[PDB]
Every structure is written in structure tokens, then in C-alpha cells.
Amino acid sequence: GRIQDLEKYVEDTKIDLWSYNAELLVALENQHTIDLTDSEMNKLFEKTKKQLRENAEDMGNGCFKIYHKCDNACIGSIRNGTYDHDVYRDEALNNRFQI
Amino acid sequence: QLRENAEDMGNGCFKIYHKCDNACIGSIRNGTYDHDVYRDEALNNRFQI
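Chains as they are written, first to last, in the deposited numbering: chain A, 404 to 502; chain B, 454 to 502.
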């Protein structure tokens, strides 16, 4: 009777609370991961563009236009985060703002 | 606020293209800085030939 009735209550209480509680935990982390992943994408994205003082336009689909013959070393340089803007800057601008 | 008067140095830094006096530095701080007054000289400096 009565006693048994209350621990059935206690049981269902716990499972319900935990179920919802877990449901939120899961969903909150999923969002967090998806955020963190694409944010790091954005962070790498920014790193490139920030490094590229002026030599990069924005193509319109996460693409950049480089205004100098950029050979394997050069392409690899931007990847390596060592790329000097100065060496090419002048020719990049004559190309970019051509008359 | 900085229309044509700031590059991005690459470490949360800006390069202003006019000798910018204490008033000028303080102006950007104060959020009153006109771009126009200096804009022309900033560009001749920035896109020098």
C-alpha cells in the first residue's frame, strides 16, 4: 500500500528529473562542440586574413585572391604563417588597383 | 570608426597613416575622430608609388 506507493513516486521522480537533465546536458555539449569547431575554423580563417595585410581580397565563398605568382614555397609560407606581405605588396597593389 | 585610416598589424594592432598627436590619439579613444581631415594623406602614404 501507502509506503510502496511513495517509493514508486520517488523512483519516477528521479528517472524523470535525470532523463530531462541528461537530455539538456547532451544537447548543450553538442551545440558547444559545433560552436567550437567552426569557431576554430573562423579563428584559422582570421589568422590567414589578419596575416594577409592587404594582398588578399575576399572571393565570396571563403576564398582569397593573391595578387602575385605565389609558388609552392609561397603557398606553403602562408600555411606556415611566415608570409611577408612587404616583398610582394607593391606588385599586389599595382595588380589590385590597376588603371 | 577608422574608415580608411587603419590597417591591421596582425596582433590586435593598428597602423595610423598620419602623425597622430596626443589630441588625435585621444580623439580615437574619445570616438570623435574624423577620418576626412587626414584621409587623403593617409592614402598617399598607404598606397605609395
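Where a beta carbon is used, it is the ideal one built from N, C-alpha and C, also for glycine.
- At a cut-off of 9 angstroms between C-beta atoms, B:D474 does not count as an interface residue with respect to chain A.
- Unbroken alpha helix (DSSP H) stretches of 4 residues or longer found wholly inside the region 423-458 of chain A: none.
- Where A:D489 is concerned, the enclosing alpha helix (DSSP H) starts and stops at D489 to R499.
- When only Cα atoms are considered, B:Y486 and B:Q454 end up about 8 angstroms apart.
- At a C-beta separation below 8 angstroms, B:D461 has these neighbours in chain A: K453 and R456.
- Boundaries for A:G465: no alpha helix (DSSP H) harbours it, and the DSSP string shows neither H nor E there.
- No Cβ of chain A is located within less than 9 angstroms of the beta carbon of B:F467.
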